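The chain that follows stands alone, in the form deposited without this ligand, written as structure tokens.
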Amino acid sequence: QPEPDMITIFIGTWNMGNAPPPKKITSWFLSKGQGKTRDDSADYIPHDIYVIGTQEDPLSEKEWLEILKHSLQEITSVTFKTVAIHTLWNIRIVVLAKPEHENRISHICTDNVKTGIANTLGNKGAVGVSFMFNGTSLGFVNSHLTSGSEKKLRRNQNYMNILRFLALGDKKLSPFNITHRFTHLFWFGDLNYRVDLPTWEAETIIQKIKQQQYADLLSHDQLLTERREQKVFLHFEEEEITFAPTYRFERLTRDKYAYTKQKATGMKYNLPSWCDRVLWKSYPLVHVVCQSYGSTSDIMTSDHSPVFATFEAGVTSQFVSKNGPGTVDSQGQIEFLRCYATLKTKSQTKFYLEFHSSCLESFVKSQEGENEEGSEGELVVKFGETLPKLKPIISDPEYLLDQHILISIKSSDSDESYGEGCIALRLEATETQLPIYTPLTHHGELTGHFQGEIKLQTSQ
């Protein structure tokens, strides 16, 4: 029974509006409705992993698990296994996997983050799950961010609190937040970003939606504009949106957007918006392809429509050699030439690097770099040819070329990371000096860059 080198992953997000679901929700798991939809010829083919995020979910965990599992069994005739379920208030994540994957999945983590303070603490936040699938780390975040058209900055703040404080994945990766801990990270939810057009334009917006003309709406979508100004979700991907806004509908039809201010809305307008989203971030040069992104048309119990997205995702096997794991393989090495970090900091500590990777027995600390002043004001930290030679546990190029090295640049004074990044070992050549590059972030914001050259020796 061969190990897979690809799997498919379903992501769903649905703000249920505190209402029980209708009796049939299969269109959601089949990626049928509006947008980029899944071919009918695939309907009986199960995804490997299903990850369901709900918000305003009124059900118990038991009640929702029975609906989900019976739904998938009806579609596929497979009885899925529950990997994890975690709920914060009415925000929930369920991970289901095909039974054949049970002994490929390990290191399951769950966590939540509550956003806001006082007034603003008590219903928004995020839940998440991570696990290993053979050699591949997977992370999943379902967030319900702050509502309201004039609160995009609050949403951005909620995002940074969630990536800082959600504790998923390998705790030994201490310098790294969730945006660096996983081969593949999926972040979805009722992100609550709105179409920022004047209230007076509500009927015009509705007209455009009926004509399936989304371009002049998407150009005012706050998530796309905030991402283009690098205010949120830096280095994440989203498929093109080709479905109608998923909020705010009159319940029990999809014929009507309910946008006008009401006591029930706190006298706020809810112009039609793409509240409900799926984004991802994968390590460099790992296969990830979105194969569907859309909304259902026939699930009408909520004022939101469910959103689906599906992905092909590259995975690797749990590699054993005669040498590693449990020792090094002297036929392998990773070297760095002419490396330097460019940092945006105004501070003047010395800095050192840490290299973290599951291809190493443990993380490696460099010597301190040499600080110089850049020509446009910057701090440049030069390592030259001074970085330690890294000794991977396995030298076989079929393993090593699939690995990644996380880098943190840390203050000598405080041992605090000033920037984190990731280098792929999927090189064009071995035993050859080749340029490498990563942006550096801290708390998910850009703090600098790391560049130089690598020389990778494998057993071939």
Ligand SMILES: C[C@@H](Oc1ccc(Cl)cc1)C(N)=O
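The first residue of the sequence shown is number 1, and the count goes up from there.
If you look for the form deposited with this ligand bound, you will not find it shown, but the lines that follow are about it.
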property	result
Open or blocked, once this ligand is placed by superposing site C-alphas in the deposited complex (3+ ligand atoms within 2.4 Å of backbone or C-beta means blocked)	open
4.5 Å heavy atom contact, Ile105 to this ligand in the deposited complex	yes
Contact label in the deposited complex: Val83 to this ligand, heavy atom within 4.5 Å	yes
4.5 Å heavy atom contact, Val315 to this ligand in the deposited complex	no
Interface membership of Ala97, this ligand in the deposited complex, 4.5 Å heavy atom rule	yes
One stretch from 301 to 309, 264 to 272, 97 to 105, 249 to 257 that, in the deposited complex, holds residues within 4.5 Å of this ligand by heavy atom	97 to 105
